[PDB]
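J.: Take this sequence and fold it.
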Amino acid sequence: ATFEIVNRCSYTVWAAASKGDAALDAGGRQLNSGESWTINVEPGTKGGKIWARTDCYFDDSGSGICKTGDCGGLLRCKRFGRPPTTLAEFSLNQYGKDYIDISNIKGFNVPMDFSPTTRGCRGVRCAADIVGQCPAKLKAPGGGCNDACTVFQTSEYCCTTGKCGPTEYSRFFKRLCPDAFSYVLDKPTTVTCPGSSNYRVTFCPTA
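T.: Numbers count the residues shown, from 1 in each chain. Below is the structure in question.
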């Protein structure tokens, strides 16, 4: 499957692509404003994620740090990123279909559109100014808007035993972005696409 990762933000981002225990394609790359990065994701990939990382510094060896979404100090992510990270999530060729969603369960750093580039389904978007509207207790000093699980580490926000409901914090993400997961047991906003579709993840789709 091909994914084009496009940075429409006015600021540089460091895109990342991982399935948690491995990089997807090269795993990460600097994307200046306007740049596009084309990756290949193996069919049948379950639990893949693409995200942006902000305000990074990497040396010639690909070692460094990001203010948001850092993946163990590496340019080329093998693991998932540190919240806050708006997430484009996907599981491909699952019983003949692809499943895509955007999630705020690990917080929000950059607005995103995640859409198919082939036919048969629709895209999803979370492009509201969540960082500007972020509740004071969730604001991440390094930048972005943390989710409540990251901040408070409670069973209610983290949804531990799969025993939770919506919260004042999850409702904030849901009000600003109804089409993105706001907590673990949120009514799914997953889109079912034809198996083996191609997609585009656009950071800052509205500017």
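
J.: Contacts only, for the residue nearest to residue 190 when sequence neighbours are not counted.
T.: Excluding its sequence neighbours, the residue lying closest to residue 190 (CB to CB, 6 or more residues apart in numbering) is residue 101, at 4.5 Å. For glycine as for every other residue, the C-beta is placed from the backbone atoms N, C-alpha and C. Applying CB atoms under 8 Å, 6 or more residues apart in numbering to residue 101 gives the contacts 89, 90, 114, 124, 180, 181, 188, 189, 190, 191.

J.: what do you get for residue 140?
T.: The contact partners of residue 140, by CB under 8 Å, 6+ apart, come to 68, 83, 84, 107, 146.

J.: From residue 178, how far out is the spatially most central residue of the chain?
T.: When CA atoms, centre = their mean is applied to the chain, the residue found nearest the centroid is residue 87 (1.3 Å). For residue 87, the distance to residue 178 (CB to CB, to the nearest Å) stands at 16 Å.

J.: you'd agree the residue nearest to the centre of the chain is up against residue 107?
T.: No - contact status for residue 87 versus residue 107: not in contact, 9.1 Å apart, counting by CB atoms under 8 Å.

J.: shared neighbours, the two?
T.: Common contacts of residue 87 and residue 107 (CB under 8 Å, 6+ apart): none found.

J.: contacting residues for residue 135?
T.: By CB under 8 Å, 6+ apart, the neighbours of residue 135 are 145, 168, 169, 172.

J.: Which two of those have the greatest separation?
T.: 145 and 168 (13.8 Å; CB to CB).

J.: out of those two, which sits in the more crowded spot?
T.: More neighbours surround residue 145 than the other of residue 145 and residue 168, with 27 against 9 (other CB atoms under 10 Å).

J.: Look at residue 173 and give its secondary structure.
T.: Three-state call for residue 173 (DSSP: H, G, I helix; E, B strand; the rest coil): helix.
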